[PDB]
Amino acid sequence: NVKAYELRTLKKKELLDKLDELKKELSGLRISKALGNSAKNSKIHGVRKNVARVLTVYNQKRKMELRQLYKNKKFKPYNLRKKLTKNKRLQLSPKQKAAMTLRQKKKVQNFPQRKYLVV
Amino acid sequence: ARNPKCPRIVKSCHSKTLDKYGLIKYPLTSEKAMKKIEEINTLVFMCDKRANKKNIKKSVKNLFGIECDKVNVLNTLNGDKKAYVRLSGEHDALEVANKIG
Amino acid sequence: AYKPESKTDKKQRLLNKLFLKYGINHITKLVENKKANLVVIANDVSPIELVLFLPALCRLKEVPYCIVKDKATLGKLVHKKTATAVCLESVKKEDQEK
Amino acid sequence: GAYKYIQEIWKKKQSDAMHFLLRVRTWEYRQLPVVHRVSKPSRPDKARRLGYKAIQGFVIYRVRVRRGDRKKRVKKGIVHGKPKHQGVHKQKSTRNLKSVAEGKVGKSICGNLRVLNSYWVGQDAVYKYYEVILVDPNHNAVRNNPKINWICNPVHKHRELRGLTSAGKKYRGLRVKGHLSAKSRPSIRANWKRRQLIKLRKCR
Amino acid sequence: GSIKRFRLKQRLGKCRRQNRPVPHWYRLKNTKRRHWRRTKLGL
RNA sequence: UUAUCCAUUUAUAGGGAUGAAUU
RNA sequence: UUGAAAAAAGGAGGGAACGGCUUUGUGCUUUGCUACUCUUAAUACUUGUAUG
RNA sequence: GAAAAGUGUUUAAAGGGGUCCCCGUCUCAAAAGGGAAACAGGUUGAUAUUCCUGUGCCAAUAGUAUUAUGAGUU
RNA sequence: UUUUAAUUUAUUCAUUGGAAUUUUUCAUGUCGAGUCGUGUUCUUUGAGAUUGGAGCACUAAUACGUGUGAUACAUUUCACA
RNA sequence: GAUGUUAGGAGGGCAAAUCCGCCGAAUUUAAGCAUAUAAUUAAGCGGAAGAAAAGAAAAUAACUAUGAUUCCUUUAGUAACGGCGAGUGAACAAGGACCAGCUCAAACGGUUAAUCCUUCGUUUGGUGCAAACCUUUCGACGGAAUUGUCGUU
Ligand SMILES: [Mg+2]
Ligand SMILES: [Mg+2]
Ligand SMILES: [Mg+2]
Ligand SMILES: [Mg+2]
Ligand SMILES: [Mg+2]
Ligand SMILES: [Mg+2]
Ligand SMILES: [Mg+2]
Ligand SMILES: [Mg+2]
Ligand SMILES: [Mg+2]
Ligand SMILES: [Mg+2]
Ligand SMILES: [Mg+2]
Ligand SMILES: [Mg+2]
Ligand SMILES: [Mg+2]
Ligand SMILES: [Mg+2]
Ligand SMILES: [Mg+2]
Ligand SMILES: [Mg+2]
Ligand SMILES: [Mg+2]
Ligand SMILES: [Mg+2]
Ligand SMILES: [Mg+2]
């Protein structure tokens with residue numbers, strides 16, 4: 001029934017091995033079901049779940065490795081890029097939006113909107 | 001000729017494409033299949049809708065001690081492929097049936 | 001001889017801290033101000049209009065102009081791919097005669 | 001000074017030299033495909049006066065438009081309604097030919113770009129030729145530069161298709177301010193809606 | 001008839017599957033049946 | 001005649017005196 | 001009224017190109033020796049697992 | 001042509017064949033036109049020119065190296 | 001948890017750069033053309049010898065200019081842009 | 001100028017109440033109907049955003065004058081239009097909500113494009129468990145650009 005916290009520590013090969021075993025077990029169960037049996041029909045669900053868990057663990061490991069590989073370097077795969085609503089991606093970064101023509105900037109610096117308490 | 005500075009999309013996940021477990025789902029019982037097993041050493045397997053003959057053969061080779069001379073397939077109206085697998089003369093389908101279950 | 005400085009030269013000068021003037025807009029200003037002494041114009045520009053007025057202007061302003069065969073060659077004479085016109089307002093005394 | 005000179009030259013238009021140039025240029029355009037990129041503005045000064053700049057993302061497209069009215073679209077010449085509405089053939093469009101020109105380039109050909117503006121270039125009796133100034137809002141050279149940057153915003157997709165380019169402004173009648181244009185301002189349709197509006201008051 | 005496209009065959013199969021009655025055990029925790037003769041699939 | 005228009009073709013030799021045919 | 005087309009195949013015309021191995025010089029030329037060029041079928045071995 | 005659509009070489013720099021030349025819109029449209037090759041017997045509750053036994057047929061079959069099979073040339 | 005006000009602590013030393021007003025000189029610059037405009041057509045408007053728009057023809061002026069000042073025009077003020 | 005499965009990017013489709021462009025009827029009203037009316041509406045086609053559009057005067061006034069746009073209260077069912085029939089019908093001012101101004105082009109700076117971008121980098125920081133982000137200034141090698149970038153107003 002193997003829960004994830006055990007599996008994080010395992011190396012990828014070991015994980016793969018585990019997964020194959022689980023798959024084999026599942027296949028066996030399926031075969032049994034197909035044949036006139038209902039002894040361990042309900043065992044299958046758990047096995048399936050276990051398999052799923054294993055897959056998840058492995059997938060996340062793989063993703064982490066990928067991320068490590070493509071750390072920085074301007075361009076990246078579009079997977080490892082910031083998946084985010086298209087419009088937002090298109091949109092100008094806040095900094096870009098801010099960026100002021102030099103005269104305007106100067107003006108801002110000189111005559112900023114002051115605080116002035118009226119009495 | 002392409003020389004991309006990084007690849008566009010990189011599926012780091014374990015392959016979704018169907019392995020032996022998933023391709024070939026289970027043997028068939030049913031009187032027909034039993035008869036087949038008995039008489040002409042043909043094992044009947046329900047398989048994935050997207051199994052080819054080659055693929056099925058490969059699966060059978062991997063999943064069991066089976067060598068297959070010929071594989072006929074058909075798509076059942078229940079959305080499964082049924083693959084009739086005739087074994088080479090060296091093997092007795094009955095023995096292999098016993099082995100599998 | 002009177003080539004303008006190239007990028008590297010300019011950089012060096014900056015670190016440390018008479019030439020051809022180009023660009024039709026600048027050149028026209030120069031001519032309008034009677035600063036220019038010789039202007040050399042390219043034979044072909046894609047909108048002829050961008051330079052058509054120039055020889056007439058020179059004729060009015062009494063400034064010497066000559067239409068030279070290649071735009072690319074004019075560009076080469078400075079550090080650009082092409083150049084429309086090029087002007088020499090002042091000159092080193094050793095060459096003034098020429 | 002140079003640009004002033006060329007402005008003055010182009011004001012003449014029917015004068016011999018200018019006329020010849022126009023004749024050549026229109027002839028040349030007649031041959032090229034209806035909408036096609038040009039490397040450099042044919043009227044640099046005029047382009048400048050609009051929005052054009054020699055920044056990386058700015059492009060000029062020469063576009064040809066048929067001159068004249070557009071026959072009222074109906075299967076055969078016949079229209080089925082009341083006589084007031086019956087005529088075809090002298091049906092003049094609300095949009096300018098310039099607007100049409102910019103529309104056709106902006107829409108399907110350069111959906112990626114943003115139409116900035118457009119200027120006249122040449123005409124024959126069959127076609128009017130405009131150069132339309134467009135800009136790539138994803139080119140960083142344009143993204144960064146704070147003046148111009150505005151066009152990178154999403155509110156400016158297909159300005160040409162909403163009548164927001166100069167030509168659009170013209171035919172919406174926003175070029176004319178004043179008592180002459182009172183009825184169209186936030187927009188003609190909008191104005192109409194406002195005028196129709198019955199405001200009730202919960203209390204009344 | 002006796003020469004279907006695969007898609008059509010699959011659809012037919014689906015329809016057949018849909019046809020079958022509520023599994024009786026569920027009833028302890030149907031109106032969309034169709035008889036092949038009276039109501040057509042209209043494929 | 002250069003705009004424009006039409007035709008023709010693989011845009012195939014500038015103007016005059018019942019076989020084969022290709023490297 | 002004279003009664004489809006094309007994929008595909010074939011035939012002909014034509015005469016491009018022309019043995020192999022070893023040695024020398026800058027795919028080409030020169031020098032020396034005689035099993036050669038095809039052809040099906042089987043078999044073996046690398047090349048992604050070479051039959052539907 | 002505002003587009004939606006309407007037309008399909010009308011003024012194109014429109015993939016194949018040989019060792020640079022020579023061809024040349026693409027694509028769909030036939031379960032009665034064109035077209036590689038199959039017959040018999042047996043067998044199932046329900047399939048069969050499709051499984052079984054037998055007997056064939058068609059198309060592929062990369063290179064290199066042996067073998068054999070025959071031709072041709074000395 | 002989100003941010004955005006008030007309040008609390010700034011003090012020394014470096015210098016490149018810029019800004020505003022203020023004197024005093026000299027510069028009287030530049031100001032968007034097949035565009036405006038007129039004609040004519042059609043549309044649209046409450047817009048009336050045409051309100052805006054559009055097609056076509058013709059096609060300007062440079063700030064002493066040109067455009068509005070809801071009746072076509074001329075001659076000319078003035079105001080406003 | 002073509003050409004590229006060259007390196008990097010963008011568009012395409014869905015959705016629409018408000019919104020922006022076109023395109024565009026007729027029923028209807030006029031006790032008939034033809035201009036009008038319905039209506040610059042419905043449908044059609046295209047295009048945006050959290051709002052859109054408009055917007056910093058070639059504006060209104062004729063005053064002791066106001067001062068971008070938008071919206072509300074009004075002006076006003078008024079001026080006006082109209083087989084002066086049916087019917088349609090604003091604007092300025094006034095009172096508010098809200099209030100924000102600006103930059104290109106042109107002028108000027110050539111004792112030098114000061115600009116700008118791509119790729120490759122380099123090394124201080126900040127929050128994060130990581131993932132990512134956030135900023136910091138520094139060069140190169142490319143280009144772009146004198147058919148005009150940047151500063152000055
Ligand atoms: Mg089959
Ligand atoms: Mg119309
Ligand atoms: Mg059928
Ligand atoms: Mg029936
Ligand atoms: Mg076909
Ligand atoms: Mg047939
Ligand atoms: Mg039967
Ligand atoms: Mg002006
Ligand atoms: Mg009307
Ligand atoms: Mg007035
Ligand atoms: Mg779209
Ligand atoms: Mg009536
Ligand atoms: Mg009635
Ligand atoms: Mg009636
Ligand atoms: Mg609608
Ligand atoms: Mg806006
Ligand atoms: Mg109001
Ligand atoms: Mg009243
Ligand atoms: Mg009305």
# chains A, B, ... in the order shown; residues from 1 in each chain; ligands from 1
call {"tool": "residues_around", "arguments": {"residues": "stretch 27-43 of chain H", "least_positions_apart": "3", "cutoff": "12 Å", "atoms": "only C-alpha atoms (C1' of nucleotides)", "output": "PDB file with C-alpha atoms (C1' of nucleotides), in the first residue's frame"}}
result
ATOM      1  CA  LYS B  35     -12.517 -24.743 -27.238  1.00  0.00           C
ATOM      2  CA  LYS B  36      -9.854 -22.843 -29.171  1.00  0.00           C
ATOM      3  CA  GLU B  39      -8.250 -27.932 -30.075  1.00  0.00           C
ATOM      4  CA  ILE B  40      -5.970 -25.700 -32.109  1.00  0.00           C
TER       5      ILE B  40
ATOM      6  CA  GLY E   1     -25.128  -2.167 -43.004  1.00  0.00           C
ATOM      7  CA  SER E   2     -22.357  -4.791 -42.870  1.00  0.00           C
ATOM      8  CA  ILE E   3     -19.591  -2.274 -43.732  1.00  0.00           C
ATOM      9  CA  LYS E   4     -19.150   0.369 -41.097  1.00  0.00           C
ATOM     10  CA  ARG E   5     -16.515   2.931 -40.437  1.00  0.00           C
TER      11      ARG E   5
ATOM     12  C1'   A G   4     -14.051   8.250 -70.166  1.00  0.00           C
ATOM     13  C1'   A G   5      -9.685   9.183 -67.817  1.00  0.00           C
ATOM     14  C1'   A G   6      -5.537   8.210 -64.871  1.00  0.00           C
ATOM     15  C1'   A G   7      -2.532   5.257 -61.501  1.00  0.00           C
ATOM     16  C1'   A G   8       0.197   1.090 -62.949  1.00  0.00           C
ATOM     17  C1'   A G   9       2.622  -1.960 -66.323  1.00  0.00           C
TER      18        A G   9
ATOM     19  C1'   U H  47     -17.874 -16.533 -37.795  1.00  0.00           C
ATOM     20  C1'   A H  48     -15.778 -18.180 -42.116  1.00  0.00           C
ATOM     21  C1'   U H  49     -12.700 -17.444 -49.797  1.00  0.00           C
ATOM     22  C1'   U H  50     -11.249 -14.612 -42.606  1.00  0.00           C
ATOM     23  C1'   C H  51     -10.496 -20.254 -38.250  1.00  0.00           C
ATOM     24  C1'   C H  52      -8.614 -25.899 -39.289  1.00  0.00           C
ATOM     25  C1'   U H  53      -6.250 -29.388 -42.803  1.00  0.00           C
ATOM     26  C1'   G H  54      -4.386 -29.282 -47.367  1.00  0.00           C
ATOM     27  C1'   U H  55      -2.811 -26.913 -51.733  1.00  0.00           C
ATOM     28  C1'   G H  56      -1.165 -22.464 -53.945  1.00  0.00           C
ATOM     29  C1'   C H  57      -0.691 -17.306 -55.335  1.00  0.00           C
ATOM     30  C1'   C H  58       1.075 -11.868 -54.878  1.00  0.00           C
ATOM     31  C1'   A H  59       4.378  -8.159 -53.272  1.00  0.00           C
ATOM     32  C1'   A H  60       8.245  -6.848 -50.810  1.00  0.00           C
TER      33        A H  60
END
call {"tool": "residues_near_ligand", "arguments": {"ligand": "ligand 2", "cutoff": "12 Å", "atoms": "only C-alpha atoms (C1' of nucleotides) and all ligand atoms", "output": "PDB file with N, CA and C atoms (P, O5', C5', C4', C3', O3' and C1' of nucleotides), in the first residue's frame"}}
result
ATOM      1  N   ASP D  69     -17.361  54.085 -55.573  1.00  0.00           N
ATOM      2  CA  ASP D  69     -18.437  53.610 -54.713  1.00  0.00           C
ATOM      3  C   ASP D  69     -18.485  52.091 -54.759  1.00  0.00           C
ATOM      4  N   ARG D  70     -19.144  51.494 -53.775  1.00  0.00           N
ATOM      5  CA  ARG D  70     -19.350  50.052 -53.756  1.00  0.00           C
ATOM      6  C   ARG D  70     -20.830  49.762 -53.940  1.00  0.00           C
ATOM      7  N   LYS D  71     -21.166  49.165 -55.081  1.00  0.00           N
ATOM      8  CA  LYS D  71     -22.530  48.703 -55.348  1.00  0.00           C
ATOM      9  C   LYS D  71     -23.156  48.030 -54.136  1.00  0.00           C
ATOM     10  N   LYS D  72     -24.390  48.400 -53.837  1.00  0.00           N
ATOM     11  CA  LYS D  72     -25.100  47.776 -52.745  1.00  0.00           C
ATOM     12  C   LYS D  72     -25.229  46.277 -52.983  1.00  0.00           C
ATOM     13  N   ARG D  73     -24.655  45.518 -52.055  1.00  0.00           N
ATOM     14  CA  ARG D  73     -24.634  44.050 -52.098  1.00  0.00           C
ATOM     15  C   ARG D  73     -26.060  43.485 -52.079  1.00  0.00           C
ATOM     16  N   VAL D  74     -26.544  43.019 -53.230  1.00  0.00           N
ATOM     17  CA  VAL D  74     -27.852  42.352 -53.332  1.00  0.00           C
ATOM     18  C   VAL D  74     -27.828  41.369 -54.498  1.00  0.00           C
ATOM     19  N   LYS D  84     -37.229  54.725 -51.209  1.00  0.00           N
ATOM     20  CA  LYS D  84     -36.160  55.443 -50.488  1.00  0.00           C
ATOM     21  C   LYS D  84     -34.850  54.668 -50.380  1.00  0.00           C
ATOM     22  N   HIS D  85     -34.976  53.358 -50.240  1.00  0.00           N
ATOM     23  CA  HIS D  85     -33.834  52.495 -50.020  1.00  0.00           C
ATOM     24  C   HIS D  85     -33.454  51.685 -51.252  1.00  0.00           C
ATOM     25  N   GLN D  86     -34.026  52.016 -52.398  1.00  0.00           N
ATOM     26  CA  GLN D  86     -34.071  51.095 -53.539  1.00  0.00           C
ATOM     27  C   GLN D  86     -32.825  51.150 -54.392  1.00  0.00           C
ATOM     28  N   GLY D  87     -32.184  52.314 -54.402  1.00  0.00           N
ATOM     29  CA  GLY D  87     -31.055  52.553 -55.281  1.00  0.00           C
ATOM     30  C   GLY D  87     -29.862  51.739 -54.856  1.00  0.00           C
ATOM     31  N   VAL D  88     -29.069  51.324 -55.840  1.00  0.00           N
ATOM     32  CA  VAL D  88     -27.710  50.855 -55.612  1.00  0.00           C
ATOM     33  C   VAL D  88     -26.858  51.906 -56.335  1.00  0.00           C
ATOM     34  N   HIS D  89     -25.582  51.634 -56.519  1.00  0.00           N
ATOM     35  CA  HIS D  89     -24.778  52.320 -57.537  1.00  0.00           C
ATOM     36  C   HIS D  89     -24.251  53.713 -57.187  1.00  0.00           C
ATOM     37  N   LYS D  90     -25.032  54.517 -56.469  1.00  0.00           N
ATOM     38  CA  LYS D  90     -24.511  55.768 -55.906  1.00  0.00           C
ATOM     39  C   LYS D  90     -24.473  55.682 -54.394  1.00  0.00           C
ATOM     40  N   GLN D  91     -24.028  54.532 -53.894  1.00  0.00           N
ATOM     41  CA  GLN D  91     -24.009  54.241 -52.473  1.00  0.00           C
ATOM     42  C   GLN D  91     -22.590  54.421 -51.989  1.00  0.00           C
ATOM     43  N   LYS D  92     -22.362  55.518 -51.268  1.00  0.00           N
ATOM     44  CA  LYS D  92     -21.041  55.855 -50.798  1.00  0.00           C
ATOM     45  C   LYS D  92     -20.872  55.341 -49.380  1.00  0.00           C
ATOM     46  N   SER D  93     -19.702  54.764 -49.123  1.00  0.00           N
ATOM     47  CA  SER D  93     -19.414  54.069 -47.878  1.00  0.00           C
ATOM     48  C   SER D  93     -19.081  55.063 -46.789  1.00  0.00           C
ATOM     49  N   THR D  94     -19.364  54.689 -45.555  1.00  0.00           N
ATOM     50  CA  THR D  94     -19.070  55.554 -44.438  1.00  0.00           C
ATOM     51  C   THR D  94     -17.584  55.599 -44.168  1.00  0.00           C
ATOM     52  N   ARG D  95     -16.862  54.546 -44.530  1.00  0.00           N
ATOM     53  CA  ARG D  95     -15.417  54.507 -44.298  1.00  0.00           C
ATOM     54  C   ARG D  95     -14.677  55.178 -45.439  1.00  0.00           C
TER      55      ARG D  95
ATOM     56  P     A H   2     -15.661  46.752 -49.877  1.00  0.00           P
ATOM     57  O5'   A H   2     -14.987  46.225 -48.535  1.00  0.00           O
ATOM     58  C5'   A H   2     -14.012  47.018 -47.841  1.00  0.00           C
ATOM     59  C4'   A H   2     -14.122  46.774 -46.358  1.00  0.00           C
ATOM     60  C3'   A H   2     -14.123  45.309 -45.927  1.00  0.00           C
ATOM     61  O3'   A H   2     -12.804  44.833 -45.669  1.00  0.00           O
ATOM     62  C1'   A H   2     -15.956  46.445 -44.940  1.00  0.00           C
TER      63        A H   2
ATOM     64  P     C I  42     -27.998  62.379 -55.851  1.00  0.00           P
ATOM     65  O5'   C I  42     -27.860  61.486 -54.542  1.00  0.00           O
ATOM     66  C5'   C I  42     -27.904  60.057 -54.669  1.00  0.00           C
ATOM     67  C4'   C I  42     -27.088  59.384 -53.594  1.00  0.00           C
ATOM     68  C3'   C I  42     -27.592  59.508 -52.169  1.00  0.00           C
ATOM     69  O3'   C I  42     -28.675  58.643 -51.850  1.00  0.00           O
ATOM     70  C1'   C I  42     -25.246  59.763 -52.219  1.00  0.00           C
ATOM     71  P     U I  43     -29.722  59.051 -50.705  1.00  0.00           P
ATOM     72  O5'   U I  43     -28.914  58.812 -49.352  1.00  0.00           O
ATOM     73  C5'   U I  43     -28.582  57.502 -48.855  1.00  0.00           C
ATOM     74  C4'   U I  43     -27.511  57.619 -47.790  1.00  0.00           C
ATOM     75  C3'   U I  43     -27.942  58.211 -46.453  1.00  0.00           C
ATOM     76  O3'   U I  43     -28.537  57.229 -45.600  1.00  0.00           O
ATOM     77  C1'   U I  43     -25.923  59.232 -47.156  1.00  0.00           C
ATOM     78  P     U I  44     -29.843  57.579 -44.714  1.00  0.00           P
ATOM     79  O5'   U I  44     -29.254  58.354 -43.453  1.00  0.00           O
ATOM     80  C5'   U I  44     -28.218  57.790 -42.624  1.00  0.00           C
ATOM     81  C4'   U I  44     -27.535  58.872 -41.815  1.00  0.00           C
ATOM     82  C3'   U I  44     -28.449  59.888 -41.151  1.00  0.00           C
ATOM     83  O3'   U I  44     -29.083  59.392 -39.980  1.00  0.00           O
ATOM     84  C1'   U I  44     -26.687  61.026 -42.204  1.00  0.00           C
ATOM     85  P     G I  53     -16.639  65.490 -41.448  1.00  0.00           P
ATOM     86  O5'   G I  53     -17.101  64.125 -42.119  1.00  0.00           O
ATOM     87  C5'   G I  53     -16.825  62.903 -41.432  1.00  0.00           C
ATOM     88  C4'   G I  53     -17.566  61.752 -42.059  1.00  0.00           C
ATOM     89  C3'   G I  53     -17.166  61.398 -43.478  1.00  0.00           C
ATOM     90  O3'   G I  53     -15.889  60.772 -43.504  1.00  0.00           O
ATOM     91  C1'   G I  53     -19.502  61.413 -43.328  1.00  0.00           C
ATOM     92  P     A I  54     -14.788  61.198 -44.595  1.00  0.00           P
ATOM     93  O5'   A I  54     -15.168  60.300 -45.848  1.00  0.00           O
ATOM     94  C5'   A I  54     -15.591  58.949 -45.640  1.00  0.00           C
ATOM     95  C4'   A I  54     -16.400  58.454 -46.805  1.00  0.00           C
ATOM     96  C3'   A I  54     -15.912  58.812 -48.200  1.00  0.00           C
ATOM     97  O3'   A I  54     -14.812  57.990 -48.571  1.00  0.00           O
ATOM     98  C1'   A I  54     -18.210  59.214 -48.071  1.00  0.00           C
TER      99        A I  54
ATOM    100  P     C J  22     -19.045  53.091 -38.565  1.00  0.00           P
ATOM    101  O5'   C J  22     -19.706  52.252 -39.745  1.00  0.00           O
ATOM    102  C5'   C J  22     -19.120  52.256 -41.059  1.00  0.00           C
ATOM    103  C4'   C J  22     -18.674  50.878 -41.480  1.00  0.00           C
ATOM    104  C3'   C J  22     -19.692  50.105 -42.294  1.00  0.00           C
ATOM    105  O3'   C J  22     -19.696  50.501 -43.662  1.00  0.00           O
ATOM    106  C1'   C J  22     -18.833  48.704 -40.603  1.00  0.00           C
ATOM    107  P     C J  23     -21.006  51.164 -44.314  1.00  0.00           P
ATOM    108  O5'   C J  23     -21.774  49.940 -44.985  1.00  0.00           O
ATOM    109  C5'   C J  23     -21.145  48.673 -45.267  1.00  0.00           C
ATOM    110  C4'   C J  23     -22.098  47.537 -44.971  1.00  0.00           C
ATOM    111  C3'   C J  23     -23.580  47.845 -45.088  1.00  0.00           C
ATOM    112  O3'   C J  23     -23.986  47.834 -46.447  1.00  0.00           O
ATOM    113  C1'   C J  23     -23.197  46.659 -43.098  1.00  0.00           C
ATOM    114  P     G J  24     -25.073  48.879 -46.960  1.00  0.00           P
ATOM    115  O5'   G J  24     -26.392  48.417 -46.199  1.00  0.00           O
ATOM    116  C5'   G J  24     -26.931  47.093 -46.380  1.00  0.00           C
ATOM    117  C4'   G J  24     -27.962  46.782 -45.322  1.00  0.00           C
ATOM    118  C3'   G J  24     -29.065  47.809 -45.149  1.00  0.00           C
ATOM    119  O3'   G J  24     -30.049  47.798 -46.172  1.00  0.00           O
ATOM    120  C1'   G J  24     -28.244  47.235 -43.030  1.00  0.00           C
ATOM    121  P     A J  25     -30.902  49.121 -46.428  1.00  0.00           P
ATOM    122  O5'   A J  25     -31.680  49.300 -45.048  1.00  0.00           O
ATOM    123  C5'   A J  25     -33.107  49.162 -44.946  1.00  0.00           C
ATOM    124  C4'   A J  25     -33.528  47.722 -45.106  1.00  0.00           C
ATOM    125  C3'   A J  25     -35.019  47.471 -44.933  1.00  0.00           C
ATOM    126  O3'   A J  25     -35.738  47.801 -46.122  1.00  0.00           O
ATOM    127  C1'   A J  25     -33.808  45.902 -43.648  1.00  0.00           C
ATOM    128  P     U J  40     -32.881  56.830 -35.207  1.00  0.00           P
ATOM    129  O5'   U J  40     -31.301  56.907 -35.388  1.00  0.00           O
ATOM    130  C5'   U J  40     -30.464  55.757 -35.135  1.00  0.00           C
ATOM    131  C4'   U J  40     -30.068  55.080 -36.429  1.00  0.00           C
ATOM    132  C3'   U J  40     -28.862  54.149 -36.346  1.00  0.00           C
ATOM    133  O3'   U J  40     -29.262  52.827 -35.975  1.00  0.00           O
ATOM    134  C1'   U J  40     -28.629  55.626 -38.200  1.00  0.00           C
TER     135        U J  40
END
call {"tool": "residues_near_ligand", "arguments": {"ligand": "ligand 11", "cutoff": "9 Å", "atoms": "only C-alpha atoms (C1' of nucleotides) and all ligand atoms", "output": "VMD selection string"}}
result
chain J and resid 11 to 14 47
call {"tool": "write_last_selection", "arguments": {"atoms": "N, CA and C atoms (P, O5', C5', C4', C3', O3' and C1' of nucleotides)", "output": "PDB file, in the first residue's frame"}}
result
ATOM      1  P     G J  11      -0.439  36.291 -30.101  1.00  0.00           P
ATOM      2  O5'   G J  11      -1.172  36.395 -31.509  1.00  0.00           O
ATOM      3  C5'   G J  11      -1.722  37.645 -31.949  1.00  0.00           C
ATOM      4  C4'   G J  11      -2.241  37.500 -33.355  1.00  0.00           C
ATOM      5  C3'   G J  11      -3.336  36.459 -33.531  1.00  0.00           C
ATOM      6  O3'   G J  11      -4.612  37.028 -33.235  1.00  0.00           O
ATOM      7  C1'   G J  11      -1.674  36.213 -35.216  1.00  0.00           C
ATOM      8  P     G J  12      -5.757  36.136 -32.545  1.00  0.00           P
ATOM      9  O5'   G J  12      -6.146  35.117 -33.703  1.00  0.00           O
ATOM     10  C5'   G J  12      -6.765  35.598 -34.912  1.00  0.00           C
ATOM     11  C4'   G J  12      -6.916  34.466 -35.892  1.00  0.00           C
ATOM     12  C3'   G J  12      -7.809  33.331 -35.384  1.00  0.00           C
ATOM     13  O3'   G J  12      -8.798  32.888 -36.318  1.00  0.00           O
ATOM     14  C1'   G J  12      -5.726  32.480 -36.097  1.00  0.00           C
ATOM     15  P     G J  13     -10.323  33.432 -36.250  1.00  0.00           P
ATOM     16  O5'   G J  13     -11.050  32.384 -35.299  1.00  0.00           O
ATOM     17  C5'   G J  13     -11.238  31.032 -35.737  1.00  0.00           C
ATOM     18  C4'   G J  13     -11.482  30.100 -34.575  1.00  0.00           C
ATOM     19  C3'   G J  13     -12.490  30.556 -33.535  1.00  0.00           C
ATOM     20  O3'   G J  13     -13.836  30.350 -33.938  1.00  0.00           O
ATOM     21  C1'   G J  13     -10.542  29.881 -32.435  1.00  0.00           C
ATOM     22  P     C J  14     -14.990  31.244 -33.299  1.00  0.00           P
ATOM     23  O5'   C J  14     -15.003  30.775 -31.785  1.00  0.00           O
ATOM     24  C5'   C J  14     -15.451  29.471 -31.424  1.00  0.00           C
ATOM     25  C4'   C J  14     -15.396  29.329 -29.932  1.00  0.00           C
ATOM     26  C3'   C J  14     -16.293  30.269 -29.145  1.00  0.00           C
ATOM     27  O3'   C J  14     -17.609  29.741 -29.090  1.00  0.00           O
ATOM     28  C1'   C J  14     -14.131  30.293 -28.214  1.00  0.00           C
ATOM     29  P     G J  47     -12.323  39.405 -35.837  1.00  0.00           P
ATOM     30  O5'   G J  47     -12.038  40.644 -34.884  1.00  0.00           O
ATOM     31  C5'   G J  47     -11.198  41.715 -35.342  1.00  0.00           C
ATOM     32  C4'   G J  47     -11.174  42.827 -34.330  1.00  0.00           C
ATOM     33  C3'   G J  47     -11.067  42.406 -32.876  1.00  0.00           C
ATOM     34  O3'   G J  47      -9.729  42.044 -32.562  1.00  0.00           O
ATOM     35  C1'   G J  47     -12.694  44.092 -33.094  1.00  0.00           C
TER      36        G J  47
END
call {"tool": "atom_distance", "arguments": {"atom1": "atom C1' of residue J:125", "atom2": "atom CA of residue A:74"}}
result
20.2 Å
call {"tool": "select_by_dssp", "arguments": {"residues": "chain B", "states": "strand (DSSP E)", "output": "list in words"}}
result
residues 24, 25, 26, 27, 42, 43, 44, 45, 46, 47, 68, 69, 70, 71, 72, 73, 74, 75, 81, 82, 83, 84, 85, 86 and 87 of chain B
call {"tool": "write_last_selection", "arguments": {"atoms": "C-alpha atoms", "output": "compact mmCIF listing (two decimals), in the first residue's frame"}}
result
# COMPACT_ATOMS: atom_id res chain seq x y z
CA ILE B 24 -2.91 -6.70 -23.57
CA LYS B 25 -5.63 -6.69 -20.90
CA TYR B 26 -6.69 -10.27 -20.10
CA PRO B 27 -7.29 -13.66 -21.58
CA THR B 42 -4.95 -20.53 -30.02
CA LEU B 43 -5.09 -18.22 -27.01
CA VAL B 44 -7.71 -15.50 -27.02
CA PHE B 45 -6.85 -12.16 -25.37
CA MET B 46 -8.90 -9.01 -24.93
CA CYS B 47 -6.57 -6.10 -25.71
CA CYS B 68 3.10 -16.81 -31.79
CA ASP B 69 2.92 -17.96 -35.43
CA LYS B 70 -0.03 -15.81 -36.37
CA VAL B 71 -2.29 -13.28 -34.70
CA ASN B 72 -5.75 -12.46 -35.92
CA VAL B 73 -7.56 -9.56 -34.32
CA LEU B 74 -10.97 -7.98 -34.33
CA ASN B 75 -12.64 -4.99 -32.67
CA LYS B 81 -9.83 -5.75 -29.41
CA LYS B 82 -10.02 -9.55 -29.26
CA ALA B 83 -6.81 -11.12 -30.51
CA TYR B 84 -6.74 -14.76 -31.57
CA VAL B 85 -3.14 -15.89 -31.12
CA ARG B 86 -2.04 -19.16 -32.79
CA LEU B 87 1.06 -20.55 -31.05
